[PDB]
Amino acid sequence: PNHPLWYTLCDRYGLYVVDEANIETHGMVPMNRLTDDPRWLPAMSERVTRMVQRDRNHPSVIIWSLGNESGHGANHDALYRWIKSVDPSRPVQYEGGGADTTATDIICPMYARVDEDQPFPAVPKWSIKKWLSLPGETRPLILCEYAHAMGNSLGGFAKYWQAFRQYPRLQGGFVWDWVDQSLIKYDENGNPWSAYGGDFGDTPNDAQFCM
Amino acid sequence: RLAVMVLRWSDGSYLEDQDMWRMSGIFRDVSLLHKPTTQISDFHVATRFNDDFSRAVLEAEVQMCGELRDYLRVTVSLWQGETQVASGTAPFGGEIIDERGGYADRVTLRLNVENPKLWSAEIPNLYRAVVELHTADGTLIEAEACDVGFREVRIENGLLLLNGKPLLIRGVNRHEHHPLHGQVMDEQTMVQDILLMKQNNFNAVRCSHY
Ligand SMILES: O=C1O[C@H](CO)[C@H](O)[C@H](O)[C@H]1O
Ligand SMILES: [Mg+2]
Ligand code: NA
Ligand code: NA
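**Q** Which residues make up the overall build of chain B, and what values do they have?
**A** Within chain B, the secondary structure is distributed over one helix and 12 strands. For chain B, the α and β elements follow one another from N to C terminus as β-β-β-β-β-β-β-β-β-β-β-α-β. Computed over the C-alpha atoms, the radius of gyration of chain B is 22 Å, more than 25% above the 17 Å expected from 2.2 N^0.38 for a compact globule of 210 residues. Summarising its shape, the C-alpha atoms of chain B cover approximately 55 × 55 × 40 Å along the three principal directions. For chain B, contacts bridging at least 24 residues in sequence account for 56% of all contacts bridging at least 6. Of the roughly 15400 Å² of accessible surface on chain B, 51% is carried by carbon and sulfur atoms. The centroid of the 21 positive side-chain charges in chain B is displaced by 3 Å from the centroid of its 30 negative side-chain charges.

**Q** Give me the sheet that holds strand 4 (residues 83-91) of chain B: which residues, what numbers.
**A** Residues and elements named next belong to chain B. Read across the open sheet, the four strands follow the order 4-3-6-7; overall the sheet is antiparallel. The strands lining the two open edges of the sheet, one partner per strand, are strand 4 and strand 7 (140-148). Across the sheet, the axes of successive neighbouring strands diverge by a mean angle of 15°, strand direction being ignored. Looking at chain direction, strand 3 (residues 72-80) and strand 6 (residues 127-135) are connected through eight bridges and run antiparallel. Bridging across to strand 6, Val76 finds its partner in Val131.

**Q** Kindly report on the environment of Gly12 of chain B, identifying the contributing residues and their values.
**A** Residue and element names in this part refer to chain B. Secondary-structure assignment places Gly12 in the segment before strand 1 (39-49). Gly12 gets classed as partly exposed once you look at its relative accessible area, which sits at 23%. Taking the C-alpha atoms as reference points, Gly12 and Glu61, separated by 49 residues in sequence, lie 33 Å from one another.

**Q** Residues and numbers for the sheet that holds strand 9 (residues 159-162) of chain B, please.
**A** Residue and element names in this part refer to chain B. In space, the three strands of this open sheet follow the order 8-9-10, with antiparallel pairing throughout. Two strands lie at the open edges of the sheet, namely strand 8 (153-156) and strand 10 (165-166), each paired on one side alone. As paired strands, strand 9 and strand 10 are joined by two bridges and run antiparallel to one another. Note on strand 10: the bridge partner recorded for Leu161 is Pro166.

**Q** So what's going on with the packing of aromatic side chains? Residues and values would help.
**A** One pass over the full model with this rule turns up nine aromatic pairs over all chains. When the ring of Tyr160 of chain A is compared with that of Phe164 of chain A, the centres are 6.1 Å apart and the planes differ by 45°; the resulting orientation is tilted. Of the two residues, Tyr160 of chain A and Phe164 of chain A both sit in helix 5 (residues 157-166), four residues apart, roughly one turn of that helix. Classification of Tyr160 of chain A by relative accessible area gives buried; the value is 11%. Judged by centre distance (5.2 Å) and plane angle (40°), the rings of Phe49 of chain B and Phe53 of chain B are tilted. With relative accessibility at 15%, the residue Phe49 of chain B sits in the buried group. Of the residues examined, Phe53 of chain B reaches a relative accessible area of 11% and is grouped as buried. Lying across the ring of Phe200 of chain A, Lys185 of chain A places its NZ or CZ 4.4 Å from the centre. Between the NZ or CZ atom of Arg106 of chain B and the centre of the ring of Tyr103 of chain B, over which it lies, the distance is 3.7 Å.

Reading the values: the criteria
- Residues numbered from 1 in each chain as written, not as in the entry; some residues may be left out.
- Chains lettered and ligands numbered in written order.
- Part of a larger assembly, values for the part shown.
- Heavy atoms only, no water.
- Helix = DSSP H or I, 4+ residues; strand = E, 2+ residues; numbered from the N terminus.
- Rg over C-alpha atoms; globule rule 2.2 N^0.38 Å.
- Contact = heavy atoms within 4.5 Å.
- Areas by Shrake-Rupley, 256 points an atom, 1.4 Å probe, with all protein chains shown as cover.
- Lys, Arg positive; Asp, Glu negative; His and termini not counted.
- Charge placed at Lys NZ, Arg CZ, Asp CG, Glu CD.
- Pairing = 2+ DSSP bridges.
- Axes fitted to C-alpha atoms, helices over the stretch in contact; angles between N-to-C directions.
- Buried < 20%, exposed > 50% of the residue type's maximum accessible area, 1.4 Å probe, protein only.
- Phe/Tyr/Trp six-rings, centres within 6.5 Å; stacked < 30°, edge-to-face > 60°.
- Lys NZ or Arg CZ within 6 Å of the ring centre and 35° of its normal.

See the structure below:
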């Protein structure tokens, strides 16, 4: 959940917002070790419920999100249902565990490609065009993350948009991401320079992957 | 002496505007058939299966015409080569279907078949079904028959399935054409086409358009 003023500004300037619960357990093995543990249900629920109770009156928020990269656990199904129950005015989405689980109203893959499949075991990233027509699938598809803009990037961006315009159920996505997470450091002369992972003695670190 | 006056054009032509040569005449076989007064006028064969196709039920509805009597019976036997795998006998008189009763001139035989050999273009397993119209005491009036292919065709969750598996149709449209005989077909030409089609990895054909 963002700083409260963010939503006010999105309401007045006009931007559709995806409000996301502060829940990410990417480092766990497997990713859903905690989200599938009922003992962590309480802590997770507060991150979802208190978010809804705070931002539900904001018109800019059109979609609720259960969090990010925490695999798919039973706690997600429970909290998914809680929101649908207390607020039927907004769809609920969640990418963990395959981007098309029972915990999301929208197929929201990250970095799924336009025409090329990436058949990862258990959590495949199908080409978005093919994902739509899998036997029994009827939901719309909006990538929660795509076109990773790291450094000299965004090659093939036009391919995504050609597909979005041709396929009704391919309704866009969110580029990853807006601003480089570089920090300012000063040399001996006092001049500023952009720093990233590891420039503060921090280790382990993942270097420039924050930009 | 038979006298057949064939018209090239008729109101029927309005329904025969297929993209092909427009010809006319008696282009297919003409034959003479002899049936007993008490005969098999129609028969349908169906094959249903359990979830894993390890069991099947062959249902054969048989219809008759003529003198309906209590001594009449129908026996449907299923063969695999010279081995009879199944057989059922019964008198006429279908189940009750409405307030007026049922079809007294019909009967439905149901035969159980364990681990049936399934039919497909990959392996065209066939059984032979013989439908015998006879008197209870053993006198055959007449018999009809057909090749039975045990297969289930259904559409599920958006997929066309054959015996439970999704098909990949490698097909071709085929008109009945011969450069010398026109639209008259013969066995050799048919066989040649099929051998050529299968040799070129085709597994399906559409009877375009008749
Ligand atoms: O649409 C079609 O295309 C073919 C063109 O050769 C042929 O006319 C077929 O009978 C017709 O169905
Ligand atoms: Mg035509
Ligand atoms: Na679209
Ligand atoms: Na990153």
